[PDB]
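Heads up, the chain below is alone and in the form deposited in one PDB entry; it's given as structure tokens.
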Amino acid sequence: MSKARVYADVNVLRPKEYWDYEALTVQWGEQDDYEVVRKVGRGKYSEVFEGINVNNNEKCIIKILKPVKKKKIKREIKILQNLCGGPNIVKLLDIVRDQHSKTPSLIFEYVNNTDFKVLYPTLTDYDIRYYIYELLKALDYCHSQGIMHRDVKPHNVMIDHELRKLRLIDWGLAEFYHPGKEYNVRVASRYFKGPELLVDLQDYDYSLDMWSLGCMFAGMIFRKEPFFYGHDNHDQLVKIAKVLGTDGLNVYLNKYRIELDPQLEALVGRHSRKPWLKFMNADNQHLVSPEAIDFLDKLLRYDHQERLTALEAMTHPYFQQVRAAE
């Protein structure tokens, strides 16, 4: 019966109203206070626009949601409210909806972002230490607040590179951690999904976000994005297996008494570990340091219980200059 190694009793000790998001009653704001200026994204669950707050002429981000069940949207709203003001967490400013159709919109603070596909090739060795340190502040914060993000990936990390400012966004897949609870494993996006999700281990915890972080981080230092590129969920486990090796996978499956579907087992096969250094090449040589490698190594562990916690990660010597700069 797997449990988190840290922050396990956070929601135990909070008032029930903190985590009982189904008992929330949304305080709808005024749809007219916010005007759409330009569309900047679309997704299965929404369309996203740059907008303005008419009252104060401030930019904002407006997420127009496609039809969504009451229970699902209250969970997202409650978690945003719970974390609002925390280190590098996106700020939810307002919640509104169209009177005729009841379509709800979520209103957030604006971030002058640069898509990671354009931004990450320009980051220096020091820059990556700095921004990952900023993203860990957000993860240590939401875990300490009893919440798992469950969709860490570059697409959900907004960065203003001029201001060197970062925000962790899109809390739609997030959940409250409760010891022993069995969660849906269809969360995160495929390339960032932890082995627990791929082998149907349902009683996972905050440590899933550290796997996802490690996937993102490996992509950045090796300039290979996504680092683990599977075509479907079976294939995702196979690509991991081919890097970490199947010896470590077998140990893991045995520890948690998991049995792989016969089909998956056949696809996974048998593989030796590929040492991190073998991913180094002329395209990433300026970023692959022994300290970067040691930190990555401690994130990308099959066993979720073995991974660095966010708190531990922040103290790794890889970030020592970021801390000194303070």
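All residue numbers are counted from 1 along the displayed sequence.
This next part talks about the form solved in complex with a partner chain, which is not shown.
**Student:** Going by a heavy atom distance of 4.5 Å, is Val36 a contact of its partner chain in the deposited complex?
**Tutor:** Because a heavy atom of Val36 falls inside 4.5 Å of its partner chain in the deposited complex, the answer is yes.
**Student:** Even though the partner isn't displayed, in the deposited complex is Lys117 close enough to its partner chain, meaning a heavy atom within 4.5 Å?
**Tutor:** Contact with its partner chain, yes.
**Student:** Does its partner chain come within 4.5 Å of any heavy atom of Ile62 in the deposited complex?
**Tutor:** Close contact exists here: in the deposited complex, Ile62 approaches its partner chain to within 4.5 Å, heavy atoms only.
**Student:** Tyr45 versus its partner chain, in the deposited complex: is there a non-hydrogen atom within 4.5 Å?
**Tutor:** Heavy-atom contact with its partner chain at 4.5 Å: absent for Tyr45.
**Student:** May I ask you to choose, among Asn82, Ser105, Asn88, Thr246, the residue with a heavy atom within 4.5 Å of its partner chain in the deposited complex?
**Tutor:** Spelling it out, the residue with a heavy atom inside the cut-off is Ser105.
**Student:** Looking at 70-78, 97-105, 181-189, 208-216, which one sits within 4.5 Å of its partner chain in the deposited complex if you count heavy atoms only?
**Tutor:** It is 97-105 that comes within 4.5 Å of the partner.
**Student:** Thinking of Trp171, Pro226 and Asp297 as the candidate spot, does its partner chain come within 4.5 Å of a heavy atom on all of them in the deposited complex?
**Tutor:** No, none of the three is in contact.
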